[PDB]
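Undergrad: Quick one: the structure is below, and I'll ask about it shortly.
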Amino acid sequence: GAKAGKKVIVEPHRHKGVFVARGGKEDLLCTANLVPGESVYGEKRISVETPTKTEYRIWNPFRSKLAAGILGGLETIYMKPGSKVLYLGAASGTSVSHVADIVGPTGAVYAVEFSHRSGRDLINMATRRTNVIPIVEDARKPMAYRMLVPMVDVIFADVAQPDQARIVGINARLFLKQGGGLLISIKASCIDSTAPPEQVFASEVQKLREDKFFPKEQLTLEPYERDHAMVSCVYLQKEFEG
Amino acid sequence: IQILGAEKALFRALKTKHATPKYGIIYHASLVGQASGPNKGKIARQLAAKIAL
Amino acid sequence: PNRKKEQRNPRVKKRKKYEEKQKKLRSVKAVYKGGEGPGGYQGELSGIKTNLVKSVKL
Amino acid sequence: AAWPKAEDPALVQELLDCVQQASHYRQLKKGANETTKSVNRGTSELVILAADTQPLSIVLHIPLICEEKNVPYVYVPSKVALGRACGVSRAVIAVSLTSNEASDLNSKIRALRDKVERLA
Amino acid sequence: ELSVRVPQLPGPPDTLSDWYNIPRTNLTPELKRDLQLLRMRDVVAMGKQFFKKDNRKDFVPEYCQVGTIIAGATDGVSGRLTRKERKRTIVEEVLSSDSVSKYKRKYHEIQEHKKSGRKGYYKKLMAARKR
Amino acid sequence: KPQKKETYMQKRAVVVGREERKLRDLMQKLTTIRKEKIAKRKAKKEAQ
Amino acid sequence: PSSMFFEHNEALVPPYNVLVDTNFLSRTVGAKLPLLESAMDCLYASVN
Amino acid sequence: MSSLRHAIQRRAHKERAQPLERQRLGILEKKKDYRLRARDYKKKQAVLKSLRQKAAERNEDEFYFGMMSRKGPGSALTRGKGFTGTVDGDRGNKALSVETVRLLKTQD
């Protein structure tokens with residue numbers, strides 16, 4: 001496989017903040033480590049001694065739906081370095097560390113988790129990274145963290161709820177800028193377990209359009225997860241920033 | 001004495017017909033640190049000769 | 001005319017036609033075919049291409 | 001400690017009947033380490049955890065990985081009943097029953113995880 | 001409090017500001033061998049593993065950085081190269097691997113097919129006529 | 001015209017070692033197999 | 001798209017989603033023909 | 001048609017070889033090898049006919065500015081025994097000054 005000690009080279013991706021480290025027989029995806037010299041969940045990481053403090057961390061697509069979508073080929077992921085990201089469904093903070101490593105020190109990641117022990121893991125990794133704040137609250141009630149979340153630019157939504165579109169609709173009505181980017185990860189077996197997945201995805205896209213989003217891209221991230229889709233949409237506009 | 005300590009770059013350059021290093025341990029002395037430009041290498045030569053004496 | 005051992009049995013022909021049309025399907029779309037293996041994540045084992053956008057533009 | 005606890009009125013026995021059906025269909029992993037490995041390999045569709053366990057920290061460690069991977073989990077109140085339903089001749093405290101692309105058990109799986117998602 | 005300033009008045013960017021300052025490629029001959037190997041990595045795994053056909057006119061990117069996989073804490077018995085296999089470049093790892101005899105066999109088959117009828121063949125025909 | 005005398009820049013060339021010659025030979029063999037494979041793929045695509 | 005096996009759409013299972021055009025709608029009112037009842041009698045399945 | 005023919009209608013006709021008493025002369029050229037030979041000769045004669053037209057319709061007073069940075073093809077008299085009609089090109093070498101050769105010889 002991609003064994004420890006192999007030499008890889010690290011080139012930039014098409015997206016900002018993400019890199020692709022290619023070498024030998026396996027090309028993998030990575031992000032620049034915010035706190036160098038320590039892994040979060042025991043991942044392989046990439047050390048380069050520049051002509052020390054520079055380390056990159058490998059982004060598992062089977063573990064994180066954002067890296068699955070990036071390897072699927074989204075047109076954009078909306079999170080440049082220095083952009084505020086509201087993460088909904090921040091279960092234990094595994095992919096939230098990579099989103100925080102994307103947005104860098106001058107950005108901010110507001111990671112909302114509901115369960116408490118996942119909240120403990122999230123508060124540990126947000127003790128390590130000083131740009132992710134942890135919010136242990138229910139994402140169905142965004143009146144709880146309206147003191148904490150300012151108007152963010154991107155929303156990531158990886159909640160597996162049947163009322164997912166309403167949750168994202170009220171969270172984006174409260175905390176998203178005009179023309180706000182978001183990526184929602186739809187799991188068809190949790191939305192509607194009886195209906196076919198393409199019909200489930202079209203119904204969820206129509207519900208987002210009723211909840212005032214304008215959808216611009218959609219990919220079924222198929223070689224990494226079954227019956228999952230990632231829908232990219234812009235809030236209250238057609239272009240992303242302005 | 002000019003290139004004590006820079007021996008890896010020295011013998012790499014001598015075996016591959018590159019240009020040898022100008023100084024070794026002598027670079028972190030006081031008197032070669034005041035110069036700037038090519039006068040650094042000139043003062044490294046002169047200082048190494050006076051160190052040998 | 002001379003015909004094939006595959007053509008003398010109508011089930012075995014429809015078995016081999018399905019095996020090769022399920023094979024032609026993997027060369028167009030992407031099948032799931034199991035997630036990460038027991039060994040873990042050995043990298044994206046066949047390339048990563050950066051300038052390729054494979055999303056249905058709504 | 002076990003907040004998605006299953007209640008009495010014909011949900012525990014629906015769970016254990018689906019468990020026995022999947023154990024006949026050979027689509028079921030038994031014991032805490034096998035449930036953990038199945039959830040971490042992502043093939044799991046639902047996971048049943050006993051609540052009568054001597055100290056409960058085992059079936060407390062499994063819900064963290066289940067919440068991280070977002071699969072449903074539910075507590076049945078008897079490990080002896082869970083082992084009898086699986087067909088083990090030992091008490092089983094954790095049961096994870098996986099996904100396959102073609103079965104008729106998956107309808108029971110889907111209705112069961114809809115009831116479990118309503119329970120949470 | 002308030003001092004006399006130091007007057008410091010006397011193209012393409014060196015480090016990418018948006019990608020956390022990847023330095024520009026110091027195009028050494030070893031990095032050039034590594035980049036040729038990366039564009040020929042389909043040939044290296046001889047048909048056992050095919051790759052995405054990315055074929056630009058220049059294989060050398062503008063910004064690279066040669067790094068090393070450190071460690072996955074979950075796997076450390078077989079997902080770890082030993083001391084006699086941690087080599088310096090990527091081409092040294094390819095040469096230390098197996099199937100170098102397989103590359104030589106395929107090269108000699110190509111060499112026979114390309115020496116098939118070119119000029120030693122015509123020298124032999126001319127000698128057989130002159131004899 | 002192919003030069004017949006040996007120039008000074010050819011006389012002063014460093015004799016390269018053994019490991020660098022092994023890497024050179026490996027790179028030669030890989031580039032030839034790549035060129036033959038590319039020509040075969042292009043011939044098949046032109047036939048189709 | 002997913003659920004497409006070589007020009008066979010596996011996404012369409014009942015209840016069938018049917019888009020209606022103006023020509024079809026004008027002619028199904030002109031032919032004295034009830035819209036949802038005749039669509040259900042054509043497909044033998046629940047349409048929306 | 002194509003279904004109105006048997007397999008013995010479809011069966012290939014083999015090619016004879018050179019006789020064994022005459023195999024030293026090379027291969028027996030058939031229509032395919034003859035087509036290759038004729039294609040190569042017609043191509044070479046087309047290039048040579050275009051070169052003869054270009055050498056015939058040549059202005060004797062033409063002046064390009066590469067003529068001040070190239071050596072001409074000359075004649076057999078001016079060049080000598082080493083006269084091909086090809087304009088000689090540069091191999092990349094250059095006459096090297098004394099300071100740089102002092103540097104190179106100190107390195108050697």
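Ordering of the structure tokens sets the chain letters (A, B, ...); residue numbers start at 1 within each chain; ligands are numbered from 1 in the order shown.
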Among chain C, which ones does DSSP place in alpha helix (DSSP H), written as an MDAnalysis selection string?

TA: chainID C and resid 10:26

Undergrad: If you keep N, CA, C and O atoms, can you produce a file of those selected residues as a PDB file, in the first residue's frame?

TA:
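Dumped everything to selection.pdb:
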ATOM      1  N   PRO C  10     -28.390 -21.678 -24.201  1.00  0.00           N
ATOM      2  CA  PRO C  10     -28.872 -20.295 -24.098  1.00  0.00           C
ATOM      3  C   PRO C  10     -28.754 -19.689 -22.715  1.00  0.00           C
ATOM      4  O   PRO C  10     -28.954 -18.478 -22.582  1.00  0.00           O
ATOM      5  N   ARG C  11     -28.459 -20.467 -21.679  1.00  0.00           N
ATOM      6  CA  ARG C  11     -28.253 -19.851 -20.374  1.00  0.00           C
ATOM      7  C   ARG C  11     -26.817 -19.384 -20.214  1.00  0.00           C
ATOM      8  O   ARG C  11     -26.570 -18.264 -19.756  1.00  0.00           O
ATOM      9  N   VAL C  12     -25.862 -20.228 -20.610  1.00  0.00           N
ATOM     10  CA  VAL C  12     -24.440 -19.927 -20.476  1.00  0.00           C
ATOM     11  C   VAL C  12     -24.057 -18.740 -21.354  1.00  0.00           C
ATOM     12  O   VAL C  12     -23.209 -17.919 -20.980  1.00  0.00           O
ATOM     13  N   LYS C  13     -24.725 -18.588 -22.499  1.00  0.00           N
ATOM     14  CA  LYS C  13     -24.529 -17.393 -23.309  1.00  0.00           C
ATOM     15  C   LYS C  13     -25.041 -16.153 -22.596  1.00  0.00           C
ATOM     16  O   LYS C  13     -24.401 -15.100 -22.633  1.00  0.00           O
ATOM     17  N   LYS C  14     -26.173 -16.265 -21.907  1.00  0.00           N
ATOM     18  CA  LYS C  14     -26.706 -15.102 -21.212  1.00  0.00           C
ATOM     19  C   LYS C  14     -26.018 -14.884 -19.878  1.00  0.00           C
ATOM     20  O   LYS C  14     -26.218 -13.847 -19.240  1.00  0.00           O
ATOM     21  N   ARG C  15     -25.211 -15.846 -19.437  1.00  0.00           N
ATOM     22  CA  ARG C  15     -24.337 -15.610 -18.299  1.00  0.00           C
ATOM     23  C   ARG C  15     -23.108 -14.831 -18.726  1.00  0.00           C
ATOM     24  O   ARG C  15     -22.668 -13.922 -18.019  1.00  0.00           O
ATOM     25  N   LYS C  16     -22.527 -15.192 -19.868  1.00  0.00           N
ATOM     26  CA  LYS C  16     -21.309 -14.535 -20.319  1.00  0.00           C
ATOM     27  C   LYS C  16     -21.598 -13.173 -20.921  1.00  0.00           C
ATOM     28  O   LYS C  16     -20.714 -12.316 -20.957  1.00  0.00           O
ATOM     29  N   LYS C  17     -22.813 -12.962 -21.414  1.00  0.00           N
ATOM     30  CA  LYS C  17     -23.171 -11.643 -21.909  1.00  0.00           C
ATOM     31  C   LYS C  17     -23.397 -10.680 -20.757  1.00  0.00           C
ATOM     32  O   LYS C  17     -23.112  -9.487 -20.872  1.00  0.00           O
ATOM     33  N   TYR C  18     -23.899 -11.184 -19.633  1.00  0.00           N
ATOM     34  CA  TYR C  18     -24.091 -10.321 -18.479  1.00  0.00           C
ATOM     35  C   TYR C  18     -22.782 -10.027 -17.774  1.00  0.00           C
ATOM     36  O   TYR C  18     -22.625  -8.945 -17.206  1.00  0.00           O
ATOM     37  N   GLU C  19     -21.836 -10.966 -17.789  1.00  0.00           N
ATOM     38  CA  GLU C  19     -20.554 -10.726 -17.136  1.00  0.00           C
ATOM     39  C   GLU C  19     -19.745  -9.690 -17.894  1.00  0.00           C
ATOM     40  O   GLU C  19     -18.972  -8.937 -17.297  1.00  0.00           O
ATOM     41  N   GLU C  20     -19.905  -9.636 -19.212  1.00  0.00           N
ATOM     42  CA  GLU C  20     -19.173  -8.659 -19.999  1.00  0.00           C
ATOM     43  C   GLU C  20     -19.920  -7.345 -20.140  1.00  0.00           C
ATOM     44  O   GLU C  20     -19.301  -6.340 -20.492  1.00  0.00           O
ATOM     45  N   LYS C  21     -21.226  -7.317 -19.884  1.00  0.00           N
ATOM     46  CA  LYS C  21     -21.925  -6.039 -19.874  1.00  0.00           C
ATOM     47  C   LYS C  21     -21.944  -5.422 -18.491  1.00  0.00           C
ATOM     48  O   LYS C  21     -22.194  -4.224 -18.362  1.00  0.00           O
ATOM     49  N   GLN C  22     -21.703  -6.215 -17.452  1.00  0.00           N
ATOM     50  CA  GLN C  22     -21.407  -5.638 -16.150  1.00  0.00           C
ATOM     51  C   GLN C  22     -19.972  -5.148 -16.098  1.00  0.00           C
ATOM     52  O   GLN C  22     -19.644  -4.263 -15.305  1.00  0.00           O
ATOM     53  N   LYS C  23     -19.111  -5.716 -16.943  1.00  0.00           N
ATOM     54  CA  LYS C  23     -17.725  -5.279 -17.045  1.00  0.00           C
ATOM     55  C   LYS C  23     -17.612  -3.988 -17.838  1.00  0.00           C
ATOM     56  O   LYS C  23     -16.779  -3.132 -17.527  1.00  0.00           O
ATOM     57  N   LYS C  24     -18.437  -3.836 -18.873  1.00  0.00           N
ATOM     58  CA  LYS C  24     -18.456  -2.595 -19.637  1.00  0.00           C
ATOM     59  C   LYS C  24     -19.046  -1.453 -18.833  1.00  0.00           C
ATOM     60  O   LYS C  24     -18.783  -0.288 -19.133  1.00  0.00           O
ATOM     61  N   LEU C  25     -19.852  -1.764 -17.821  1.00  0.00           N
ATOM     62  CA  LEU C  25     -20.434  -0.733 -16.982  1.00  0.00           C
ATOM     63  C   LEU C  25     -19.416  -0.113 -16.041  1.00  0.00           C
ATOM     64  O   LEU C  25     -19.517   1.081 -15.747  1.00  0.00           O
ATOM     65  N   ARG C  26     -18.432  -0.882 -15.568  1.00  0.00           N
ATOM     66  CA  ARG C  26     -17.418  -0.317 -14.685  1.00  0.00           C
ATOM     67  C   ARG C  26     -16.481   0.619 -15.431  1.00  0.00           C
ATOM     68  O   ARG C  26     -15.825   1.458 -14.811  1.00  0.00           O
TER      69      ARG C  26
END

Undergrad: Residues within 10 Å of residue 91 in chain H, please, as a ChimeraX atom specification. Count only C-alpha atoms; anything in the same chain fewer than 5 positions from it doesn't count.

TA: /F:1-3

Undergrad: Could those residues be written to a file, using N, CA, C and O atoms, as a PDB file, in the first residue's frame?

TA:
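Final output, selection-v1.pdb:
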ATOM      1  N   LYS F   1      27.510  18.354 -38.390  1.00  0.00           N
ATOM      2  CA  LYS F   1      28.499  17.337 -38.678  1.00  0.00           C
ATOM      3  C   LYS F   1      28.941  16.666 -37.393  1.00  0.00           C
ATOM      4  O   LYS F   1      29.180  17.358 -36.396  1.00  0.00           O
ATOM      5  N   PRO F   2      29.041  15.338 -37.369  1.00  0.00           N
ATOM      6  CA  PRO F   2      29.456  14.641 -36.146  1.00  0.00           C
ATOM      7  C   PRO F   2      30.920  14.919 -35.856  1.00  0.00           C
ATOM      8  O   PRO F   2      31.784  14.678 -36.700  1.00  0.00           O
ATOM      9  N   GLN F   3      31.193  15.452 -34.674  1.00  0.00           N
ATOM     10  CA  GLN F   3      32.536  15.919 -34.384  1.00  0.00           C
ATOM     11  C   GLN F   3      33.467  14.747 -34.140  1.00  0.00           C
ATOM     12  O   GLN F   3      33.116  13.774 -33.470  1.00  0.00           O
TER      13      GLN F   3
END

Undergrad: Starting from chain H, keep only residues with some atom at most 12 Å from an atom of chain B, counting only C-alpha atoms, and report them as a ChimeraX atom specification.

TA: /H:103-108

Undergrad: Can you check which parts of range 30-127 of chain E lie within 10 Å of range 29-45 of chain F? Per residue, the shortest pair of atoms and distance in Å to one decimal, counting only C-alpha atoms, sorted by chain and number, as a tab-separated table.

TA:
residue	atom	partner	partner_atom	distance
E:36	CA	F:31	CA	8.8
E:37	CA	F:30	CA	8.4
E:39	CA	F:34	CA	9.8
E:40	CA	F:34	CA	6.8
E:41	CA	F:30	CA	9.2
E:42	CA	F:34	CA	8.3
E:43	CA	F:34	CA	6.1
E:44	CA	F:30	CA	7.3
E:46	CA	F:33	CA	9.8
E:100	CA	F:29	CA	9.5
E:103	CA	F:29	CA	6.6
E:104	CA	F:29	CA	6.9
E:105	CA	F:29	CA	9.7
E:106	CA	F:33	CA	7.1
E:107	CA	F:29	CA	5.9
E:108	CA	F:29	CA	9.1
E:109	CA	F:33	CA	9.8
E:110	CA	F:33	CA	7.5
E:111	CA	F:32	CA	9.1

Undergrad: Fewer than 5 positions away in the same chain doesn't count, so skip those; otherwise give me all residues within 9 Å of range 65-75 of chain E, counting only C-alpha atoms, as a ChimeraX atom specification.

TA: /A:2-11,21,39,41-50,55-56 /C:39-40 /E:22-25,31,80
